[PDB]
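Here we start with a single chain on its own, the form deposited in one PDB entry, put down as structure tokens.
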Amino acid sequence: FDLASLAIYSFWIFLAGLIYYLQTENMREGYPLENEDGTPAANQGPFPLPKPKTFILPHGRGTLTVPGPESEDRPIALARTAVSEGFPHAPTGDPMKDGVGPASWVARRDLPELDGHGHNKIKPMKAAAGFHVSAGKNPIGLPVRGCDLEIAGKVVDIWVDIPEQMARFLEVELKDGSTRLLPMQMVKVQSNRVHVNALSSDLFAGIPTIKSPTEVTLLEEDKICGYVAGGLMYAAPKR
């Protein structure tokens, strides 16, 4: 007989089922798989989509049910470079402006993330009661330099995550008096400047702008973060 043999055989049956379950749970976004033209792929693999689950979202924001119909919900300015599958797709315009490649953004909801109390999670520090810089070089006041070593603007605030008490963006004022948000993760605060490797100074103007000066929506965050990260590949030319 043997209880240890029963246990090891049983465990391997269990683990196979567990892996099957875990894989299907991980197909709740992005599937069914598509051809390059957006139509459903003929081979979906041996794992089926899981039965749907529904997340109840806080503050009257509704629900998310996944899996569900996938749609990009935005135009994608790319075209095939080959006559068969598997090759890159070339930007049909300016990929920074069009938001493709590493400049890509997702059509998230055009509302701000809220905290557990239903208040905007990210606020400019100037509007965040009691918030202040508590350690490190305070970036407010510093000129902002791009990868061309030219000054694009000056830091006029920090946008802070209120519940998690963290710096999320720098607000940078440009020569025309408008501002843009830069992700904190993409700037280097130095003693005499903030340096931004991803963008040359002349690309700061094109950072997507926010529709209201004291809040930022998840859609806007995705457009800002995407554009800034896309500069690593695309700031290149010059001239």
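Here, rigid core means the biggest group of C-alpha atoms that superpose within 1.5 Å across both forms. All residue numbers refer to positions in the sequence shown, first residue = 1.
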Open item on the list: Mean CA temperature factor from the deposited coordinates, higher in 96-104 or in 147-155?
Closed with: 147-155
TODO: Identify the stretch, either 8-16 or 221-229, whose C-alpha atoms have the larger mean B-factor according to the entry.
DONE: 8-16
TODO: From the list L181, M27, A41, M186, select the residue with the highest C-alpha B factor recorded in the entry.
DONE: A41
- [ ] Select lowest, middle or highest to describe the third in which the CA B-factor of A127 falls within its chain in this entry.
- [x] highest
Open item on the list: Using the temperature factors of the C-alpha atoms in this entry, rank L174 within its chain: lowest, middle or highest third.
Closed with: highest
- [ ] Comparing against every modelled residue in the chain, figure out the third that the C-alpha B-factor of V83 lands in (lowest, middle or highest).
- [x] highest
TODO: Could you look up the Cα B-factor of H117 in the entry and say which third of the chain it sits in: lowest, middle or highest?
DONE: highest
Open item on the list: Splitting the chain's C-alpha B-factors into thirds, which one does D73 fall into?
Closed with: highest
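What follows is about the form deposited in another entry, which we do not show.
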TODO: Quick one: lay the two forms over each other on the core and tell me which of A41, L49, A205, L57 moves its CA by at least 2 angstroms between the shown form and the other one.
DONE: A41
Task: C-alpha of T217 off by 2 Å or more between the shown form and the other one on rigid core - done: no
Open item on the list: So that I can tell if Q185 moves, could you say whether its C-alpha shifts by at least 2 Å between the shown form and the other one after the core superposition?
Closed with: no
Task: Large Cα shift (2 Å or above) at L22 between the shown form and the other one, core-fitted - done: yes
TODO: Would you mind telling me if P95 and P32 are closer or farther apart in the other entry than in the shown form, C-alpha to C-alpha, with a 3 Å or larger change?
DONE: closer
- [ ] Based on a C-alpha change of 3 angstroms or more, tell me if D37 and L49 lie closer or farther in the other entry than in the shown form.
- [x] closer
